[PDB]
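Asker: Dropping a structure here in structure tokens format, bear with me for questions.
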Amino acid sequence: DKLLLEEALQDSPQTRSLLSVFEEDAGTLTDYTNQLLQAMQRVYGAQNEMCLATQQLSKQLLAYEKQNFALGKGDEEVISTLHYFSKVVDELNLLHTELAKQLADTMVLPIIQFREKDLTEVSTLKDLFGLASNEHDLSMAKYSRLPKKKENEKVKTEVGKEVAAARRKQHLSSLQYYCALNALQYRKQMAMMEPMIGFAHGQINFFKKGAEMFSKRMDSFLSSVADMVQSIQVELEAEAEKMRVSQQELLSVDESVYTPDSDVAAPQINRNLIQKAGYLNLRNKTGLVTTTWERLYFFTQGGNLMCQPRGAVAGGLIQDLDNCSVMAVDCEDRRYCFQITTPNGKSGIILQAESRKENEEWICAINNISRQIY
Amino acid sequence: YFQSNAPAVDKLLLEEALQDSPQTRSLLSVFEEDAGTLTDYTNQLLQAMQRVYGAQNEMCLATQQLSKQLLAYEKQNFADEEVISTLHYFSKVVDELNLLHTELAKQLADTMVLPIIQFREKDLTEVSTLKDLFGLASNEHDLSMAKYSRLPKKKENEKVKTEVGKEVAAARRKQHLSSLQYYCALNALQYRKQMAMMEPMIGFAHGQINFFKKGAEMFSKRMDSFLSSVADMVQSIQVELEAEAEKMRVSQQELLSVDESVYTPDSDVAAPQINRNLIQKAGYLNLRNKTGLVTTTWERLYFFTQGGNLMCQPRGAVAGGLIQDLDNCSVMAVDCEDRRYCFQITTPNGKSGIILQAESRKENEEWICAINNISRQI
């Protein structure tokens, strides 16, 4: 399998039938190198992808302290760990980055140069040799059709020169094209080894710097974070049990407590207080003639009544303080509704309690809170 | 300045769930809002941790496929002895490496991606479940208080009144109950949050220690000193290339130093260097070929004499050709189609010979004389 260039001009057909074995193996080589090129760019891809994915974790771990909650801010210890685990991934990004750089120059770059320069140069010298050959082959046919009797010598001669110009062209392109294919035999052997040596090398660095960074000494901090997590689980667990019991006790209450009444005069009713607050319904002339009865929480402070609707904090613009008077009143045929009245007596507000117990207690608690006129 | 404080963790008191004061329900709203931004974040983060698992699980395939191609070199037909022996080695390194990335990917998913998924899909999901459920029972209770409020003061129906009171017992119970369950959940979540933020990342660090520790041994200085012998094995090719490369450039120069009289068949008939005494040719000639009773054609074809036989073999043929002879023939120049330098090898019958065509007359004569010299080989 020499493909010896020194023979020749005017190629034997046996020379050709070897040259075709070169052309053959070349073709199947270029095919395979594409199949291998892709595979190596796919590992490089995944390498670069690893760099971005880590790079994203840094951002997101740090983003915790940037997210704004209603509680759990300045988590300090939790912030500290997330910040540490971030600094880790940051340095891991550089190891996968350095490996990415490596695979792109010592592994992938070789194969591209081979495919783009070597295998390429061959496939082009081939084409030039092929064309060069055909040009000759045809000039030969022309030269053969020259007539024997009678010709002009000067014509015969010129056609011969044409044949020769072509023959030497074929010689030139064929010598080049052969040297090309022989050299390729050595180039491939290196082009298949070197790329994979580069791979192995870049990885030594990846596992060297890396295993150093992920030492047993780092492992001492990890174990202490785990103990912090363990100390939370115990808190949680006992706290869950505290709540589990607390819940059961509050749910063991009998049905009479969820039912509105109760019974008239059965539970005593403190007649002299100021403290009282709770839900009631408030009449509200929504439109002329129409009314709505909205449940809202009422409570008392500095001689004033307040209204805090459910949900929101604070609020409660209600008429007091002044000399008002409260008394039970009938309204829209409703039960346990009562009404206060401004000093004027105009636009008196009217509310409703559910219990009777509660009804009389509110009323007792408002005509006696307004006693303080001094 | 700032002075030390007695610590605190945030809780809904539970005892004030039956009461359901609006001031309790205000703290509940902030609790929800906290849970809100949290679910937003754990989503945002989970996405990120699934992408590193992505890049990992993909790397597992990327290596898996690489070796399969390193191992496909030995499956193509060729004319690479030590090349195969290394590609197997470098394959072992890749299949072995793959195993590590696979062992990582696995642990990555079980010890890091898992604790967040479960967190978002069981713990955070339970909150929303109990919230929608809680607010529902509260909505029910509100509409229940309505009916009770509409009941007439006179004339009161002692049967209707007792029926609606019982309706208020339930739904109020339902609210109280769902509220205790919803609160207890949110309180517990304050603790789950912390654990499920720092714990997920621990497992990932552990996988990455075992990954680098198991992989640092693997990629040792033994491998390093071996790679050196392969670098040497590559140099020993670069030198043999440069050697045979220089040799070829020289040979190429020499073969082209020839002057144009060689490339030309034009070379004068006058003064032809004819070797009339040989036993082997050697050349391309054109072969007259009948292509119908009238029409004919001439094809360039190699020709070589062998065991008394004239052979053919067209260019690009596997081999050939066995066209005429071995035994008795007579060859002579011929005038055929006004072509120049044709000659006919006649069969022993004394009729019907093949007609060939040479290029230079130097060639024609040499072919003729040669054939005749073969025709006397006894």
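Residues are referred to by chain and number: the chain letter is A, B, ... according to the order shown in the structure tokens, the number counts from 1 in that chain, and ligands are numbered separately from 1 in the order shown.
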Within 7 Å of residue A:61, counting only C-alpha atoms, which residues qualify if same-chain residues fewer than 6 places away don't, as a count of residues only?
Answerer: 3
Asker: Excluding residue A:6 and residues on its chain fewer than 2 positions from it, collect all residues at most 7 Å away from it, counting only C-alpha atoms, and give them as number ranges by chain.
Answerer: A: 4, 8; B: 251
Asker: Considering only C-alpha atoms, can you say which of A:354, A:23, A:116, A:75 comes closest to residue A:178?
Answerer: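 Among the listed residues, A:23 lies closest to residue A:178.
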Asker: Between A:125, A:51, A:46, A:19, which one has atoms that come closest to residue B:57, using only C-alpha atoms?
Answerer: A:46
Asker: Under the rule that only C-alpha atoms are counted, which of A:208, A:283, A:136, A:2 is the nearest residue to chain B?
Answerer: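 Looking only at the distances to chain B, the closest residue turns out to be A:208.
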Asker: Considering only C-alpha atoms, return as a tab-separated table (two decimals) with N, CA, C and O atoms, in the first residue's frame whatever protein or nucleic-acid residues lie within 12 Å of residue B:82, sequence-local ones (same chain, fewer than 2 positions apart) excluded.
Answerer:
```tsv
chain	number	residue	atom	x	y	z
A	186	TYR	N	-0.39	9.37	7.32
A	186	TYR	CA	0.27	9.69	8.59
A	186	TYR	C	-0.58	10.69	9.36
A	186	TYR	O	-0.71	10.59	10.58
A	188	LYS	N	-3.79	11.17	9.49
A	188	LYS	CA	-4.96	10.59	10.14
A	188	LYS	C	-4.60	9.95	11.48
A	188	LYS	O	-5.30	10.12	12.47
A	189	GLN	N	-3.49	9.21	11.52
A	189	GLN	CA	-3.09	8.48	12.72
A	189	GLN	C	-2.86	9.43	13.89
A	189	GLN	O	-3.14	9.08	15.04
A	190	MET	N	-2.36	10.62	13.59
A	190	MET	CA	-2.14	11.63	14.61
A	190	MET	C	-3.44	12.38	14.89
A	190	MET	O	-3.74	12.71	16.03
A	192	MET	N	-6.30	11.27	14.92
A	192	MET	CA	-7.23	10.44	15.68
A	192	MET	C	-6.75	10.22	17.12
A	192	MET	O	-7.53	9.83	17.98
A	193	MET	N	-5.47	10.47	17.38
A	193	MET	CA	-4.89	10.29	18.71
A	193	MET	C	-4.83	11.62	19.47
A	193	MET	O	-5.40	11.74	20.56
B	74	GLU	N	-13.00	0.96	14.17
B	74	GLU	CA	-12.61	-0.40	13.83
B	74	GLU	C	-13.66	-1.13	12.98
B	74	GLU	O	-13.46	-2.29	12.62
B	80	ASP	N	-3.08	2.03	10.70
B	80	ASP	CA	-3.91	2.34	11.85
B	80	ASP	C	-3.80	1.25	12.92
B	80	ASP	O	-4.76	0.94	13.61
B	84	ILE	N	-6.00	1.96	16.67
B	84	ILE	CA	-7.09	1.20	17.26
B	84	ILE	C	-6.82	0.94	18.74
B	84	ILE	O	-7.71	1.10	19.58
B	85	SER	N	-5.59	0.55	19.06
B	85	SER	CA	-5.23	0.18	20.43
B	85	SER	C	-5.40	1.34	21.41
B	85	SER	O	-5.62	1.12	22.60
B	86	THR	N	-5.29	2.57	20.91
B	86	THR	CA	-5.48	3.76	21.74
B	86	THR	C	-6.95	4.16	21.80
B	86	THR	O	-7.46	4.44	22.88
B	87	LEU	N	-7.62	4.20	20.66
B	87	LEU	CA	-9.04	4.51	20.62
B	87	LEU	C	-9.87	3.64	21.57
B	87	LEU	O	-10.89	4.08	22.10
B	88	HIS	N	-9.42	2.40	21.79
B	88	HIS	CA	-10.04	1.54	22.79
B	88	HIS	C	-9.76	2.07	24.19
B	88	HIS	O	-10.64	2.09	25.04
B	89	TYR	N	-8.51	2.48	24.43
B	89	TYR	CA	-8.14	3.05	25.72
B	89	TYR	C	-8.96	4.30	26.00
B	89	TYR	O	-9.60	4.42	27.04
B	230	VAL	N	2.09	8.13	24.66
B	230	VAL	CA	1.26	8.27	23.47
B	230	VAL	C	1.63	9.55	22.73
B	230	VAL	O	1.57	9.59	21.50
B	233	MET	N	4.50	8.47	20.94
B	233	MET	CA	4.07	7.64	19.83
B	233	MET	C	3.54	8.51	18.68
B	233	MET	O	3.60	8.11	17.52
B	234	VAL	N	3.03	9.70	19.01
B	234	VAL	CA	2.56	10.63	17.99
B	234	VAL	C	3.72	11.36	17.33
B	234	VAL	O	3.69	11.61	16.13
B	236	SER	N	6.73	10.16	16.93
B	236	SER	CA	7.36	9.16	16.07
B	236	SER	C	6.64	9.01	14.73
B	236	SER	O	7.16	8.37	13.81
B	237	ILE	N	5.44	9.57	14.61
B	237	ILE	CA	4.75	9.64	13.33
B	237	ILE	C	5.04	10.95	12.62
B	237	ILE	O	5.21	10.97	11.40
```
Asker: Stretch 343-360 of chain B: which residues within 10 Å, counting only C-alpha atoms, same-chain residues fewer than 4 positions away excluded, as a PyMOL selection string?
Answerer: (chain A and resi 140+143-144+160) or (chain B and resi 264-269+272+283-289+298-301+323-325+327-336+339+364-368+371-372)
Asker: Since we have the selection now, will you write its residues out, keeping C-alpha atoms, as a short mmCIF file (atom, residue, chain, number, x, y, z; two decimals), in the first residue's frame?
Answerer:
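Saved to selection-v4.cif:
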```cif
data_model
loop_
_atom_site.label_atom_id
_atom_site.label_comp_id
_atom_site.auth_asym_id
_atom_site.auth_seq_id
_atom_site.Cartn_x
_atom_site.Cartn_y
_atom_site.Cartn_z
CA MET A 140 -5.50 11.94 -27.10
CA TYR A 143 -4.62 13.36 -31.83
CA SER A 144 -5.59 9.87 -32.98
CA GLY A 160 0.85 16.97 -30.67
CA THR B 264 5.02 15.00 -26.80
CA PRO B 265 4.39 12.02 -29.07
CA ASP B 266 5.29 14.61 -31.71
CA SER B 267 8.92 13.49 -31.32
CA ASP B 268 10.29 13.01 -34.81
CA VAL B 269 9.72 9.72 -36.57
CA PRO B 272 13.21 7.00 -33.43
CA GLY B 283 1.24 0.53 -23.04
CA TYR B 284 -2.09 2.13 -23.90
CA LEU B 285 -3.43 1.66 -27.41
CA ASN B 286 -6.76 2.34 -29.14
CA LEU B 287 -8.89 -0.65 -30.11
CA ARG B 288 -11.00 -0.54 -33.28
CA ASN B 289 -14.44 -1.81 -32.36
CA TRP B 298 -11.70 3.39 -31.00
CA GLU B 299 -11.14 3.07 -27.25
CA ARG B 300 -7.98 3.81 -25.23
CA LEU B 301 -7.17 0.62 -23.34
CA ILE B 323 -7.85 -10.72 -25.65
CA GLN B 324 -5.76 -12.74 -28.18
CA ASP B 325 -2.93 -15.32 -28.61
CA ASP B 327 -0.05 -19.27 -29.88
CA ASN B 328 0.36 -18.41 -33.59
CA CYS B 329 -0.25 -14.96 -35.00
CA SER B 330 1.42 -12.51 -37.35
CA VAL B 331 1.48 -8.78 -36.78
CA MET B 332 1.93 -6.07 -39.39
CA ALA B 333 1.27 -2.37 -39.88
CA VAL B 334 -2.10 -1.46 -41.45
CA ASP B 335 -3.85 1.38 -43.26
CA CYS B 336 -7.17 1.63 -41.45
CA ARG B 339 -5.58 6.71 -39.15
CA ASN B 364 4.15 1.18 -33.28
CA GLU B 365 7.37 -0.46 -34.38
CA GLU B 366 8.23 -1.59 -30.85
CA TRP B 367 4.80 -3.20 -30.45
CA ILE B 368 5.02 -5.05 -33.76
CA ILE B 371 4.61 -9.40 -30.68
CA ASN B 372 6.66 -11.17 -33.37
#
```
Asker: Would you list the contacts of residue A:308 as a PDB file with N, CA and C atoms, in the first residue's frame, taking every protein, DNA or RNA residue within 12 Å and counting only C-alpha atoms, but skipping same-chain residues closer than 3 positions in sequence?
Answerer:
```
ATOM      1  N   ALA A 277     -66.092  44.288  72.353  1.00  0.00           N
ATOM      2  CA  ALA A 277     -65.902  44.349  70.909  1.00  0.00           C
ATOM      3  C   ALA A 277     -66.329  43.014  70.297  1.00  0.00           C
ATOM      4  N   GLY A 278     -66.744  43.035  69.034  1.00  0.00           N
ATOM      5  CA  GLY A 278     -67.187  41.830  68.353  1.00  0.00           C
ATOM      6  C   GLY A 278     -67.905  42.145  67.053  1.00  0.00           C
ATOM      7  N   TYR A 279     -68.298  41.109  66.320  1.00  0.00           N
ATOM      8  CA  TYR A 279     -69.020  41.296  65.062  1.00  0.00           C
ATOM      9  C   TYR A 279     -70.473  41.729  65.276  1.00  0.00           C
ATOM     10  N   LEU A 280     -70.951  42.608  64.399  1.00  0.00           N
ATOM     11  CA  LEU A 280     -72.365  42.971  64.336  1.00  0.00           C
ATOM     12  C   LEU A 280     -72.723  43.331  62.902  1.00  0.00           C
ATOM     13  N   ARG A 295     -71.974  42.563  57.884  1.00  0.00           N
ATOM     14  CA  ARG A 295     -71.229  42.120  59.056  1.00  0.00           C
ATOM     15  C   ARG A 295     -69.900  42.855  59.103  1.00  0.00           C
ATOM     16  N   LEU A 296     -69.616  43.487  60.235  1.00  0.00           N
ATOM     17  CA  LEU A 296     -68.338  44.158  60.441  1.00  0.00           C
ATOM     18  C   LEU A 296     -67.959  44.074  61.914  1.00  0.00           C
ATOM     19  N   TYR A 297     -66.664  44.146  62.198  1.00  0.00           N
ATOM     20  CA  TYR A 297     -66.186  44.047  63.571  1.00  0.00           C
ATOM     21  C   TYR A 297     -66.198  45.417  64.222  1.00  0.00           C
ATOM     22  N   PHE A 298     -66.851  45.509  65.374  1.00  0.00           N
ATOM     23  CA  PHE A 298     -66.917  46.751  66.131  1.00  0.00           C
ATOM     24  C   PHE A 298     -66.126  46.634  67.429  1.00  0.00           C
ATOM     25  N   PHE A 299     -65.506  47.736  67.838  1.00  0.00           N
ATOM     26  CA  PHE A 299     -64.794  47.790  69.109  1.00  0.00           C
ATOM     27  C   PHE A 299     -64.754  49.227  69.614  1.00  0.00           C
ATOM     28  N   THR A 300     -64.511  49.392  70.913  1.00  0.00           N
ATOM     29  CA  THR A 300     -64.513  50.710  71.547  1.00  0.00           C
ATOM     30  C   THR A 300     -63.146  51.093  72.105  1.00  0.00           C
ATOM     31  N   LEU A 305     -66.572  54.612  69.177  1.00  0.00           N
ATOM     32  CA  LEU A 305     -66.786  53.310  68.562  1.00  0.00           C
ATOM     33  C   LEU A 305     -65.977  53.252  67.270  1.00  0.00           C
ATOM     34  N   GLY A 311     -60.206  41.834  57.496  1.00  0.00           N
ATOM     35  CA  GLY A 311     -59.024  41.852  56.654  1.00  0.00           C
ATOM     36  C   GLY A 311     -58.082  42.985  57.007  1.00  0.00           C
ATOM     37  N   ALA A 312     -58.368  44.175  56.485  1.00  0.00           N
ATOM     38  CA  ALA A 312     -57.491  45.334  56.652  1.00  0.00           C
ATOM     39  C   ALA A 312     -57.231  45.664  58.122  1.00  0.00           C
ATOM     40  N   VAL A 313     -56.091  46.301  58.386  1.00  0.00           N
ATOM     41  CA  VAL A 313     -55.738  46.745  59.733  1.00  0.00           C
ATOM     42  C   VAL A 313     -56.249  48.161  59.972  1.00  0.00           C
ATOM     43  N   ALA A 314     -56.685  48.439  61.197  1.00  0.00           N
ATOM     44  CA  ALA A 314     -57.115  49.782  61.574  1.00  0.00           C
ATOM     45  C   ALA A 314     -58.318  50.294  60.761  1.00  0.00           C
ATOM     46  N   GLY A 315     -58.654  51.572  60.938  1.00  0.00           N
ATOM     47  CA  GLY A 315     -59.846  52.153  60.345  1.00  0.00           C
ATOM     48  C   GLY A 315     -60.922  52.224  61.410  1.00  0.00           C
ATOM     49  N   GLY A 316     -62.015  52.934  61.135  1.00  0.00           N
ATOM     50  CA  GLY A 316     -63.133  52.982  62.063  1.00  0.00           C
ATOM     51  C   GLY A 316     -63.683  54.355  62.379  1.00  0.00           C
ATOM     52  N   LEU A 317     -64.097  55.077  61.350  1.00  0.00           N
ATOM     53  CA  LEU A 317     -64.613  56.421  61.537  1.00  0.00           C
ATOM     54  C   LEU A 317     -66.082  56.364  61.968  1.00  0.00           C
ATOM     55  N   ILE A 318     -66.328  56.441  63.277  1.00  0.00           N
ATOM     56  CA  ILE A 318     -67.693  56.431  63.813  1.00  0.00           C
ATOM     57  C   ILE A 318     -67.935  57.591  64.798  1.00  0.00           C
TER      58      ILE A 318
ATOM     59  N   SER B  21     -60.991  37.367  64.994  1.00  0.00           N
ATOM     60  CA  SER B  21     -60.969  38.820  65.025  1.00  0.00           C
ATOM     61  C   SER B  21     -60.314  39.319  63.751  1.00  0.00           C
ATOM     62  N   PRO B  22     -60.733  40.495  63.267  1.00  0.00           N
ATOM     63  CA  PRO B  22     -60.192  40.987  61.999  1.00  0.00           C
ATOM     64  C   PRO B  22     -58.699  41.266  62.106  1.00  0.00           C
ATOM     65  N   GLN B  23     -58.253  41.565  63.325  1.00  0.00           N
ATOM     66  CA  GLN B  23     -56.851  41.819  63.608  1.00  0.00           C
ATOM     67  C   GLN B  23     -56.027  40.531  63.564  1.00  0.00           C
ATOM     68  N   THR B  24     -56.665  39.393  63.834  1.00  0.00           N
ATOM     69  CA  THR B  24     -56.035  38.097  63.595  1.00  0.00           C
ATOM     70  C   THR B  24     -55.945  37.876  62.096  1.00  0.00           C
ATOM     71  N   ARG B  25     -57.039  38.166  61.402  1.00  0.00           N
ATOM     72  CA  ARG B  25     -57.114  37.908  59.976  1.00  0.00           C
ATOM     73  C   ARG B  25     -56.176  38.819  59.181  1.00  0.00           C
ATOM     74  N   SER B  26     -55.740  39.919  59.789  1.00  0.00           N
ATOM     75  CA  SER B  26     -54.759  40.797  59.157  1.00  0.00           C
ATOM     76  C   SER B  26     -53.380  40.148  59.108  1.00  0.00           C
TER      77      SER B  26
END
```
Asker: Using only C-alpha atoms, which residue out of A:104, A:324, A:71, A:89 lies closest to chain B?
Answerer: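 Selected residue with least distance to chain B: A:71.
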Asker: Once DSSP has gone over the backbone, tell me which residues of stretch 90-335 of chain A are in strand (DSSP E), as a VMD selection string.
Answerer: chain A and resid 278 to 284 292 to 300 305 to 306 325 to 328
Asker: Would you kindly return, as a list in words, each protein, DNA or RNA residue with an atom no farther than 10 Å from any atom of residue B:119, considering only C-alpha atoms and excluding same-chain residues fewer than 2 positions away?
Answerer: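 Here the qualifying residues turn out to be residues 39, 42, 114, 115, 116, 117, 121, 122, 123, 124, 125, 126, 189, 192, 193, 196 and 197 of chain B.
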Asker: From the options A:370, A:355, A:106, A:55, which residue's atoms come nearest to residue A:87, counting only C-alpha atoms?
Answerer: A:55
Asker: Between B:30, B:170, B:227, B:195, which one has atoms that come closest to residue A:254, using only C-alpha atoms?
Answerer: B:170
Asker: Kindly give the distance, in Å, that separates atom CA of residue A:339 and atom CA of residue A:351, rounded to a single decimal.
Answerer: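 Atom CA of residue A:351 lies at a distance of 6.2 Å from atom CA of residue A:339.
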Asker: Atom CA of residue A:155 and atom CA of residue B:295 are how many Å apart?
Answerer: 26.7 Å
Asker: So which bits of stretch 22-109 of chain A end up alpha helix (DSSP H) when you DSSP the backbone, as a PyMOL selection string?
Answerer: chain A and resi 22-66+77-102+108-109
Asker: May I have the residues within 7 Å of residue A:148 as number ranges by chain, using only C-alpha atoms and disregarding those fewer than 3 positions away in the same chain?
Answerer: A: 151; B: 338-340
